Amino acid sequence: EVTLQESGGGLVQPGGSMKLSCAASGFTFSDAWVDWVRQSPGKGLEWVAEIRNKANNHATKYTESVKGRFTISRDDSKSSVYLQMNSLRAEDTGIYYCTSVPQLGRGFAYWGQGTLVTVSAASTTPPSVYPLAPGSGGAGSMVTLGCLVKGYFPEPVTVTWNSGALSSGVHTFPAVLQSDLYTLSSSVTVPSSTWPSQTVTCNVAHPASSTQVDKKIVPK
Amino acid sequence: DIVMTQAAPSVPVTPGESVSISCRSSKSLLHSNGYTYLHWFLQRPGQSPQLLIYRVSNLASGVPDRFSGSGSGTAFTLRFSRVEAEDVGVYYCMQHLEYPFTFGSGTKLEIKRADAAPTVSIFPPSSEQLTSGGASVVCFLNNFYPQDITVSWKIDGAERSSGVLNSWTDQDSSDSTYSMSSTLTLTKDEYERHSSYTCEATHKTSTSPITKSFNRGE
Ligand SMILES: O=C(O[C@H]1C[C@@H]2CC[C@@H]([NH2+]2)[C@H]1C(=O)[O-])c1ccccc1
């Protein structure tokens, strides 16, 4: 069972510091060369840094724009690699992924899930959650309900319906940012024979602020 | 730096047929050891990249048999023997010869399907938002195809452009449709000065605008 798991991301002050961690398991970490790759709009995927294995003197290589500011290191006894980031700039914002080359010529075979790093002086703010219910009466065969999640910062929030029991007719849209901070909407379409007879609830979690809200969709 | 080029930003394909995606490098990727260091990755919407093919033509473990790769020196091709609806995503090539390692800009695979009109739903501000002094009017335009759509907001017959927030989903991996969300941001006071709110959509599936509206005073 192979996996890489990143942790340590989130909101950070421009000019500040942050350390990302990557824990490995399921493969021979001590033989692997480990890399960090980031993704942002405009650059797309961008290689960031690499640290080799002990046999190769733990040598490190960095992309030009982070040399002197970032430091990659590894602890083979904990099967982990770290990325220490200093003097963070707005341009360092993006999703950071841990990936590894387990053996010669294998390429970046395993990737972590990614961790979002937002470099900004704005502050963490919880979301307000509003149920969106139809106006008129259903019918006709299907009904669309929604959930408006607004005023939060930074990303991301996770939205589920009925704690995950409802997923097929669900669309969660990318968040939009403006002066009221982030605004995100999610819709779910269910049979008219399901709502309002049965309870339909929007569950929202905002990790950055430790906020959790469950709002029921009621007929207006 | 070695420059990786994937000219096509996207490629439309119908499920069941074969197709290929190309990638070019500004320098030969042949190493002294005899291996060619070009890999292909797939990034499905909202997920991390995943290795498909390493060193031109070796399929990684778990990768479907329908994928194959070919090429040499500076020109490479990723081929699908039969495309599936679930293959939606962005395909990237990467050179692993010299530092810094560089990726192509990616080619998005677009699945072609039958036209599908959007299901349009408009939602008046929830009462919980009005007591808080806000009044966002939300319009969902769901499960349509092709991807291009235009939305217009009208307040008492007059069009409104400012304070509109637009968001789009990627192509659905099961039904191949697209969806969009448009939100008209108003304050409670603004919301109460008017009565008619309409979400008007223009799509290829209709010669006339798709209209959905409601009246505040109801
Ligand atoms: O990533 C590894 O090596 C490198 C050597 C050079 C530089 C990038 C690429 N060519 C890569 C390659 O696969 O050749 C590796 C990983 C585990 C064990 C031994 C070597």
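Residues numbered from 1 in each chain as written, not as in the entry; some residues may be left out. Chains lettered and ligands numbered in written order. Heavy atoms only, no water.

Chain B appears in the PDB entry as Fab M82G2, Light Chain from Mus musculus.

The name given to chain A in the PDB entry is Fab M82G2, Heavy Chain, with Mus musculus as the source organism.

1. Some remarks on the environment of A:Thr3
Residue and element names in this part refer to chain A. One can find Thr3 in strand β1 (residues 3-7). The class of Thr3 is partly exposed, set by a relative accessible area of 34%. For the pair formed by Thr3 and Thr71, sequence separation is 68 residues and the distance between their alpha carbons is 23 Å. Those residues in contact with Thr3 that lie beyond four places of it in its chain are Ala23, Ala24, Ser25 and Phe27. (Helix = DSSP H or I, 4+ residues; strand = E, 2+ residues; numbered from the N terminus. Buried < 20%, exposed > 50% of the residue type's maximum accessible area, 1.4 Å probe, protein only. Contact = heavy atoms within 4.5 Å.)

2. Some remarks on the sheet that holds strand β19 (residues 210-215) of chain B
Strands pair in a sheet through their backbones, by hydrogen bonds, and they do so in one of two ways: parallel or antiparallel. Residue and element names in this part refer to chain B. Overall, antiparallel pairing links the four strands, which are arranged β15-β14-β18-β19 in an open sheet. Strands at the two margins of the open sheet, each flanked by one partner only, are β15 (158-160) and β19. Strand-to-strand twist in this sheet, taken as the mean axis angle between neighbours without regard to direction, amounts to 30°. Inspection of the sheet shows strand β14 (residues 150-155) paired to strand β18 (residues 196-202) by six bridges, in the antiparallel sense. (Pairing = 2+ DSSP bridges. Axes fitted to C-alpha atoms, helices over the stretch in contact; angles between N-to-C directions.)

3. Notes on the site of the ligand
The ligand sits among A:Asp31, A:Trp33, A:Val101, A:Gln103, A:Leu104, A:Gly105, B:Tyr37, B:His96, B:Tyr99 and B:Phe101. Site remark: the ligand is flanked by residues from chains A and B. Here an oxygen atom of the ligand and a backbone polar atom of A:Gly105 are 2.6 Å apart. For the ligand, an oxygen atom lies 2.7 Å from a polar atom in the side chain of B:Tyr37. (Near = heavy atom within 4 Å. Polar contact = N/O pair within 3.5 Å; in protein donor to acceptor, adjacent residues only side chain to side chain.)

4. Details of the side chain of A:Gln39
Assignment of secondary structure puts A:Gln39 in strand β4 (residues 33-40). Of the polar contacts made by the side chain of A:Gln39, one reaches the side chain of A:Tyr97; its length is 2.9 Å. With residues near it in sequence (within four places) discarded, A:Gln39 still touches A:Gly44, A:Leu45, A:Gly94, A:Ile95, A:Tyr97, B:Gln43 and B:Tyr92.

5. Considering the domain arrangement of chain A
All names here are of chain A. The domain boundaries assigned to chain A delineate domain 1 (1-121) and domain 2 (122-210). On a C-alpha basis, the centres of domain 1 and domain 2 stand 33 Å from each other. Counting residues at the interface gives five residues for domain 1, matched by seven residues for domain 2. Summing both sides of the interface, domain 1 and domain 2 together bury roughly 430 Å²; the carbon and sulfur share of this comes to 64%. (Domains from an automatic or database assignment. Buried area = accessible area lost by both parts, 1.4 Å probe.)

6. Some remarks on the state of the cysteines
All names here are of chain B. Tallied over the full model, the rule gives four disulfides over all chains. Residue pairing for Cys23: its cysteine sulfur links by disulfide to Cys93, the two sulfurs lying 2.0 Å apart. One quick way to see it: the torsion about the S-S bond of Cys23 and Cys93 is about 85°, and its sign makes the bridge right-handed. Here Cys93 lies in strand β9 (residues 89-95) and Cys23 lies in strand β3 (residues 19-25), a separation of 70 residues in the sequence. Take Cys23: its relative accessible area is 3%, and that puts it in the buried class. Here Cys139 connects covalently by a disulfide to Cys199, the sulfurs 2.0 Å from one another. Sign of the S-S torsion, about -90° for the bond between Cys139 and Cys199, identifies this disulfide as left-handed. (Disulfide = S-S within 2.5 Å.)

7. Concerning the pattern of salt bridges
Tallying each qualifying case throughout the model produces 17 salt bridges over all chains. Of the charged contacts, one joins B:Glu200 and B:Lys154 as a salt bridge, the two residues approaching to 2.9 Å between their closest N and O atoms. On the criterion of sequence distance, the pair formed by B:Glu200 in strand β18 and B:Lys154 in strand β14 is long-range, its members being 46 residues apart. Among the ionic pairs, B:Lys188 bridges to B:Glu192, the shortest N-O distance being 2.5 Å. In this pair, B:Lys188 and B:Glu192 both sit in helix α2 (residues 188-193), four residues apart, roughly one turn of the helix. Given a relative accessible area of 35%, B:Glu192 falls into the partly exposed group. Connected via shared salt-bridge partners are A:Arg38, A:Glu46, A:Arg69, A:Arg89, A:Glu91 and A:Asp92. (Salt bridge = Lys/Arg side-chain N within 4 Å of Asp/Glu carboxyl O.)

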